[PDB]
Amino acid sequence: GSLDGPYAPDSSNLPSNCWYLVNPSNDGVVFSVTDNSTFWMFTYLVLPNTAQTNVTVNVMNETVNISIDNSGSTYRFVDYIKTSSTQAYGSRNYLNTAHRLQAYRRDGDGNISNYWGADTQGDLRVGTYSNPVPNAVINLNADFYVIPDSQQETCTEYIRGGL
């Protein structure tokens, strides 16, 4: 397969209908997005064999706290989400993966899609979140590649088997 890039970390109203495969080297926030009105989302990368740790996250000009706990040898991308600024974030989905690879796509409605699952095999799934942010600034906080949603299958290949 082929991918446009890699491109450096960017914050902008990125084009919809294409997969942004992020390839972080380090843990922490790899992805975030908010319209400042209806939807707040960030993804925190947790290292394998990370004992229970209380960490402080400054993201989207907000500073919050999360508990990370990963007893596996796989990496874990954790999604946190809220629909109002005064609301507390909630963890909805996470992805256990051997590779530092997650991918995000904004559909025609502005909904955010990414890979969910307890593994990158049988439990792997392409999920979609339910609060559309069509014009919101998207923060890809890592080197990323660009794949058309034409080739969701090419993106899936790298998610399962690395790059």
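The first residue of the sequence shown is number 1, and the count goes up from there.
Higher mean CA temperature factor, per the PDB entry, when comparing 146-154 with 17-25: 146-154. The mean C-alpha temperature factor is higher for 56-64 when 38-46 and 56-64 are set side by side. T97 sits in the lowest third of its chain by CA B factor, as recorded in the PDB entry.
Ranked by Cα temperature factor within the chain, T86 sits in the highest third according to the deposited record. In the PDB entry, a CA B factor belonging to the middle third of its chain's modelled residues is recorded for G5. Among all modelled residues in its chain, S32 ranks in the middle third by Cα B-factor.
When the modelled residues of the chain are ordered by their C-alpha B factor, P132 lands in the highest third.
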